[PDB]
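Consider the single chain below, provided in structure tokens and representing the form solved without the partner chain.
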């Protein structure tokens, strides 16, 4: 757990992801805060989003719990900030790094997976009127992410 978490945090400051950063809050190495600047291929462009990361003591044989602290309008992310992302559940493997998780969360912003929605309402909009979606989305970045 620890010596591994410590290493991820080092390797993290060596080669920083683009539009992402993370680190422990306080003295607790099992709790980090992360930031993702919404990418330019997304309606979240120019927004800035906060996440929490909780490392189970199972780590890294079980994935971390990642969630959005900032409000975001997305089909795969709910009011709770919970993220439906495969590598966070079934597709986890212990060789994965937080850097990889964050990177993918960014992917999921540019290109959501509505075939597997967290928020059924929003999933139907992204599919039906994509302008309607981009609009609410850019608006929620306006309010919450900027």
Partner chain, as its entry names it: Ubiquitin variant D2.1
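Numbering follows the first chain given and starts at 1.
For the segment pair 117-125 and 99-107, the entry gives 117-125 the higher mean B-factor, averaged over Cα atoms. For the pair 39-47 and 57-65, the record assigns the higher mean C-alpha temperature factor to 39-47. When all modelled residues of the chain are sorted by CA temperature factor, residue 146 is found within the highest third. Annotation for residue 81: C-alpha temperature factor in the lowest third relative to the rest of the modelled chain, per the entry. Per the deposited record, the Cα B-factor of residue 94 falls in the lowest third when ranked against the other modelled residues of its chain.
What comes next is about the form deposited with the partner chain bound, which does not appear here.
When the partner chain is considered in the entry with it bound, residue 134 lies well away from it, no heavy atom lying within 4.5 Å.
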